[PDB]
Amino acid sequence: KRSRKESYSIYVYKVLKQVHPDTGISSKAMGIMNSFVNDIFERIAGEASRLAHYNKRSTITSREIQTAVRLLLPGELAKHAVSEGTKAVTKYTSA
Amino acid sequence: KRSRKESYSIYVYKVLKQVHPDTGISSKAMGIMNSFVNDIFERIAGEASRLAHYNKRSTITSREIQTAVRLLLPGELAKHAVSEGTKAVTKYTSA
Amino acid sequence: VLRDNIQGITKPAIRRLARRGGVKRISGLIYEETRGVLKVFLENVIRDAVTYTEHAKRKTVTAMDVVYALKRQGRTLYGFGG
Amino acid sequence: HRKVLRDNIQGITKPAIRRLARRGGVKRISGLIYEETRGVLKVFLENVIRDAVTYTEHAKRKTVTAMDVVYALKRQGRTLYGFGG
Amino acid sequence: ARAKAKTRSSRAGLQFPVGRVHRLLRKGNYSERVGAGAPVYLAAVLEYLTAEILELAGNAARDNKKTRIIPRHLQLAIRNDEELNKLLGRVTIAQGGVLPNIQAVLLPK
Amino acid sequence: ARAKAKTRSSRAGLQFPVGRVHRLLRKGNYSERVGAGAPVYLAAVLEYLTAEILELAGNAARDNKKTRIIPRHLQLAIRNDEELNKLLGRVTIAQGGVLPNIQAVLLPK
Amino acid sequence: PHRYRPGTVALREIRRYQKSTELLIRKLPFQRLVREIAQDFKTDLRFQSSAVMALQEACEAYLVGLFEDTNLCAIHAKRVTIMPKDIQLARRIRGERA
Amino acid sequence: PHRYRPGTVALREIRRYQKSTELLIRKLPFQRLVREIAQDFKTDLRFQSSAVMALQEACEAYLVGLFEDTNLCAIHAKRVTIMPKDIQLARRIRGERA
Amino acid sequence: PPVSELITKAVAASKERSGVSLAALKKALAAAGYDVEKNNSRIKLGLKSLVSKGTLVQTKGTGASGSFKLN
DNA sequence: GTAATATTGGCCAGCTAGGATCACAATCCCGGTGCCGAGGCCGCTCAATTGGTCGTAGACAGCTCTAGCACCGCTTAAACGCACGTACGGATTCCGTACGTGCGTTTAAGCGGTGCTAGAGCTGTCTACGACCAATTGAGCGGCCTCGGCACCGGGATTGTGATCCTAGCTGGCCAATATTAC
DNA sequence: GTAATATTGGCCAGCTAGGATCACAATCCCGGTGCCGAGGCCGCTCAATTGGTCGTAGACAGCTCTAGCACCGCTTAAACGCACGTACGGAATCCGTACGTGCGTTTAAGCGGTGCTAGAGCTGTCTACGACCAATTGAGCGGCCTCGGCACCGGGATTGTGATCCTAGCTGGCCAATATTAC
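Protein chains in written order, with UniProt numbering: chain U, 31 to 125; chain R, 31 to 125; chain A, 22 to 103; chain S, 19 to 103; chain G, 11 to 119; chain H, 11 to 119; chain F, 39 to 136; chain Y, 39 to 136; chain B, 38 to 108.
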């Protein structure tokens with residue numbers, strides 16, 4: 031009939047072909063990557079939501095995401111993630 | 031001017047006079063009890079909400095509370111907390 | 022009914038776990054201690070899993086229930102669909 | 019207005035570490051513990067103050083309030099009751 | 011035409027506020043909808059924890075001949091109870107101090 | 011009268027789904043309202059983490075002469091990176107195993 | 039007559055079981071044990087195979103990390119052998135009741 | 039001539055500082071130090087007094103728990119003295135990078 | 038110099054109610070300039086045999102462990 | 001066969017321990033004091049309550065078929081028990097010195113106080129932004145096919161380990177030389 | 001003093017450490033092979049998109065005033081430095097045996113194959129319940145007041161520690177009682 035499981039697999043495959051065109055991915059590892067993305071997602075989204083209420087703000091915006099990212103990732107990871115994310119949001123705003 | 035903060039103090043004082051009529055509570059301790067209650071509340075409410083979505087349930091009910099209580103509190107504490115809570119909900123339903 | 026299968030976690034299995042942990046020499050009392058430790062861990066994890074199950078008015082414990090039990094314990098397990 | 023408050027880590031003096039340690043039950047302490055503990059303390063503080071200043075910046079405030087510190091600790095899973103948590 | 015006011019907490023035979031907890035579950039954005047028995051059960055649970063804590067803390071203070079409980083008494087109550095010290099084990103109490111705990115080997119012979 | 015379809019992810023120059031993440035922030039009932047730049051920024055962040063991980067894992071697999079990454083490679087990538095091992099430090103990886111780590115004193119002389 | 043001196047084959051098998059990923063606990067005893075634990079909380083409970091495999095996967099990771107910390111405790115003692123006192127210490131410091 | 043043998047007054051001050059609750063870090067050095075740390079992340083930052091007091095209360099609880107675990111590590115060695123190796127071990131086992 | 042002749046001269050260096058310690062013999066023979074590093078087992082046999090002769094005596098410990106006296 | 005010498009057990013004396021005594025510091029305790037925080041009271045307000053409506057989440061029943069369970073039989077790797085031995089843990093001893101403890105000296109915290117003001121906090125305005133909706137549609141899911149990656153097998157190669165032997169060196173003993181003893 | 005003997009030095013034999021070599025087995029590497037899972041294709045669907053509306057969240061300016069900051073000047077209390085010394089850590093040694101290693105035997109894990117049912121998951125119905133609104137009201141908040149618990153202290157009382165003195169138990173030497181050797 032109609033049963034729906036949610037994953038990020040194809041997006042992970044896209045990223046992988048962007049970084050390592052000559053490399054494959056085991057279905058086991060794609061279930062791990064799917065779980066990893068969902069976990070990181072859940073942490074960041076929980077911190078951003080939790081932060082907004084803690085700040086008496088009712089909305090999640092680029093600021094709340096920026097501070098949750100800056101919060102959760104340590105050092106050099108945060109600096110680069112923040113950098114590319116700002117670049118991307120700028121491009122999206124321009125579009 | 032009128033500024034309102036939130037606390038449980040009077041309720042804590044009521045409980046205290048129910049259990050220890052001849053005992054006082056310092057405002058330092060009433061600020062810790064207030065923080066106490068809010069932290070336990072945040073854990074239980076977060077687990078109950080989190081559990082309902084993880085069960086594809088859109089509502090927090092006595093069931094959701096019962097399993098979060100049973101889940102957080104360890105052993106003899108949970109058994110008694112569950113017991114009095116069931117007693118209280120029954121009384122409320124009867125009323 | 023099942024009884025006394027905690028001995029099922031046999032001596033060589035403990036030996037191999039330790040070895041995967043970098044252990045070289047092992048005193049003979051480690052085996053009972055580790056069986057007890059392991060018994061403790063499982064009874065917490067299984068308590069949480071059966072609880073999540075009961076809550077769903079369900080009578081089978083899914084892998085997702087196990088994942089959430091560990092995830093609550095702060096020992097999130099990837100790979101099982103979590 | 020804005021003092022340059024450098025070299026201050028040594029302000030956590032030997033006897034202060036003695037009395038904290040003593041509150042922890044230790045009886046005899048080797049003279050090298052002091053530098054190790056100062057390093058530990060700078061690390062702990064770095065992490066906490068980073069998280070706190072972050073929670074602050076988000077609010078657009080330029081003052082770090084106690085609510086920010088308790089949220090930072092609570093975020094590091096070291097929740098502290100008594101300061102408005 | 012209007013019935014005499016009867017607080018939900020009095021309808022449940024409690025001291026904790028049912029309306030405030032109800033508000034906090036809805037205004038916490040925990041769930042878009044909240045059942046009716048959830049706030050009652052939750053207030054009762056918070057009631058039990060505070061009563062347990064306050065019983066133990068009052069015991070500690072009277073044991074220390076203090077007629078009024080203070081944070082040290084809370085730290086004593088918590089750390090001297092096993093299941094509470096388990097629930098609040100990762101918790102640091104303001105002005106709590108530590109249990110008197112000298113490891114035996116440290117005492118002189 | 012209708013413009014040619016342009017996916018938000020293509021409007022951002024990404025591969026991760028902006029619509030799906032948008033859906034998840036709104037459906038997960040994190041907040042009643044969600045800004046427009048939040049899902050974009052979030053998808054980019056998830057993109058960066060997955061690309062970092064996959065770069066490291068592919069390096070590990072090629073180092074192991076493996077043309078395809080498998081969970082052991084993920085465990086190697088994670089545990090061999092300091093900041094990742096910090097982010098996922100409390101994490102247990104399926105079929106990951108452990109880093110080869112023999113403490114020096116254990117080697118014979 | 040040939041006999042490897044004690045400790046050599048042990049290091050070989052260390053290198054081996056660290057290079058490897060196979061589950062180390064025998065599957066059927068661990069499943070039966072899981073059933074023994076669950077039986078105490080409720081009777082007539084059914085387990086998906088993936089769920090039991092998850093418990094096994096998790097137990098192996100937990101004990102391996104525990105043995106990492108334990109071996110560190112033992113080596114700190116300047117004792118190559120691990121003994122139960124090492125386990126109670128490693129656990130007490132992990133913060134779990136012990 | 040009177041001189042308490044080493045270890046006795048130490049035990050008395052242990053009983054004392056465990057009976058007591060006063061903050062043990064001197065307030066002004068700790069506040070100046072906090073400002074030192076914050077200055078690195080951003081300049082011209084202002085601290086409410088309650089916030090600095092919170093950092094101090096938390097630091098004292100963290101170091102006290104660390105010394106609890108460290109003393110346990112030292113006693114396990116059968117060494118009454120604590121040394122830095124004990125600290126790196128206690129921290130590595132707490133899971134914090136060390 | 039061959040061993041068993043410097044050990045006598047070393048134990049002759051002291052009178053102690055429970056004998057000269059092994060640590061003293063190590064330090065004294067090092068002070069004589071001898072390779073106590075590499076010849077340690079030769080030293081242990083020389084000492085144990087020479088106390089076994091009764092020319093020296095072992096008075097606490099056992100073997101090279103503990104303490105020693107002259108005849 | 002008998003006696004003197006020597007041997008063995010006991011006593012007196014000496015040495016070392018354990019118990020009792022003393023003197024001082026720390027803790028506590030009993031009682032007085034004031035002081036301030038806990039606790040109570042007051043008229044205010046918004047949040048709690050009540051009641052009625054809508055719709056929709058979810059309880060419930062019924063059907064499907066996945067998958068969990070049970071059971072059998074075989075083969076075999078893993079487990080077990082035992083023999084054996086080395087390396088380890090642990091007990092003992094000893095030593096040097098890093099700690100601790102107790103002085104005087106120095107510092108800066110702490111307190112109280114004053115003065116200044118950045119910035120927290122609140123209010124009002126308003127609009128950009130996000131929710132909602134219907135109509136549109138194409139990316140994403142499931143099913144199917146396939147072919148290349150790789151696990152396995154076997155032979156050859158390499159590495160690591162333990163066991164063994166050889167040689168140079170040193171120590172111990174014999175014969176000769178020198179130092180000592182005798183002529 | 002000189003020569004012979006007995007002690008010591010030189011030569012030879014025996015023992016050990018280091019170096020070298022061999023034996024052998026675990027690991028690696030390499031080909032081939034066949035399996036099967038990754039990856040692509042197709043078709044179908046519903047979630048993403050677009051554009052428009054509408055409400056309001058929050059950006060922004062402006063004002064109040066709290067609270068943070070800065071400086072000053074005494075007052076101790078704490079930090080500091082140093083002298084002295086002892087308990088500790090740590091090195092070294094040794095012994096006993098607990099665990100590793102290896103072998104032969106036993107067991108049951110694993111596979112796989114079959115059969116069966118209960119329970120997993122879905123759909124459809126229908127309805128109790130909760131959101132919501134409007135009107136009502138009293139519990140809770142802040143402000144004032146107030147007074148008893150408690151911190152502090154001053155002065156005794158009790159306890160703990162460190163050091164010393166005496167009585168005692170144990171061990172050693174000589175004497176008493178007894179076997180061994182010489183006459």
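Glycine included, C-beta positions come from ideal geometry on N, C-alpha and C.
DSSP links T99/B through a beta bridge to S102/B.
Buried is the label assigned to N64/R, since at least 16 other Cβ atoms lie within 10 Å of its Cβ. Under a 10 Å Cβ-count criterion, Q85/G is classified as buried, with 16 or more other Cβ atoms of the shown protein chains found around its own Cβ. The count of Cβ pairs closer than 8 Å, one atom from the segment 115-124 of chain F and one from the segment 43-54 of chain A, reaches three, so the stretches are in contact. At least one beta carbon of chain Y lies nearer than 8 Å to the beta carbon of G107/G. Nearest neighbour of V115/G by Cα position, chosen from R132/Y, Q86/Y, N109/Y, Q94/Y, turns out to be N109/Y. The beta carbon of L46/R sits closer than 8 Å to the beta carbons of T53, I55 from its chain, once the five residues preceding and following it are set aside; these are given in chain order. Identification of chain G residues near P104/R by a Cβ-Cβ cut-off of 8 Å yields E93, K96, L97, ordered along the chain. Taking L127/F as the centre and dropping the five residues before and after it, the same chain places the C-beta of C111 closer than 6 Å to its C-beta, in chain order. When the Cα atoms are used, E94/R and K37/H turn out to be separated by approximately 19 Å.
Under the three-state reduction of DSSP output, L98/G falls in the coil class, being neither helix nor strand. About 7 Å separates the Cβ atoms of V66/A and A96/F, confirming a contact at the 8 Å cut-off. Against chain U, a Cβ distance below 9 Å from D69/S picks out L101.
Excluding five sequence positions before and after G23/H, none of the CB atoms of its chain fall closer than 7 Å to its own CB. When rounded, the separation of the alpha-carbon atoms in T89/U and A82/U is 7 Å. Using a Cβ-Cβ cut-off of 9 Å, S65/U is close to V88, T97, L98, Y99, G100, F101, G102, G103 of chain A, given in chain order. Rounded to the nearest angstrom, the Cβ distance from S20/H to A53/H is 12 Å, too far for a contact under 8 Å.
Nearest to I63/H by alpha-carbon distance, out of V108/H, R89/H, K14/H, is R89/H. Annotated as distal: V88/A and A136/F, with beta-carbon spacing of 8 Å or more. Check the Cα spacing between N39/H and each of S79/U, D69/U, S37/U: the tightest is with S79/U. Three or more beta-carbon pairs drawn from the segment 87-104 of chain B and the segment 51-62 of chain B are found closer than 8 Å, and the two stretches are therefore classed as touching. In chain order, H83, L86, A87 place their CB closer than 6 Å to the CB of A70/G, counting only its own chain and leaving out the 5 sequence neighbours on each side.
Closer than 8 Å to the CB of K45/A there is at least one CB belonging to chain H. Think of a sphere of 7 Å around the beta carbon of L46/U: the chain H residues whose beta carbon falls inside it are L64, in chain order. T97/S and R100/G have their C-alpha atoms roughly 8 Å apart.
Pairing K76/H with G68/H, the inter-Cα distance amounts to about 9 Å. Proximity of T89/U to chain H, defined by a Cβ-Cβ separation below 8 Å, is satisfied. For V94/B, the three-state secondary structure derived from DSSP is strand. Using beta-carbon distances, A115/F does not count as an interface residue toward chain A, since no partner is under 8 Å. With respect to the 8 Å criterion, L101/F and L23/A are not classified as neighbours on the basis of their beta carbons. Considering only beta carbons, the part of the segment 76-105 of chain F lying closer than 7 Å to chain H consists of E95, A96, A99, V102, in chain order. At a cut-off of 8 Å between beta carbons, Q113/H contacts chain A.
At a cut-off of 8 Å between C-beta atoms, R41/Y does not count as an interface residue with respect to chain G. Looking only at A70/A, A39/A, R41/A, the smallest Cα-Cα distance to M85/A is reached by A70/A. Secondary structure of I88/G (DSSP, three-state): helix.
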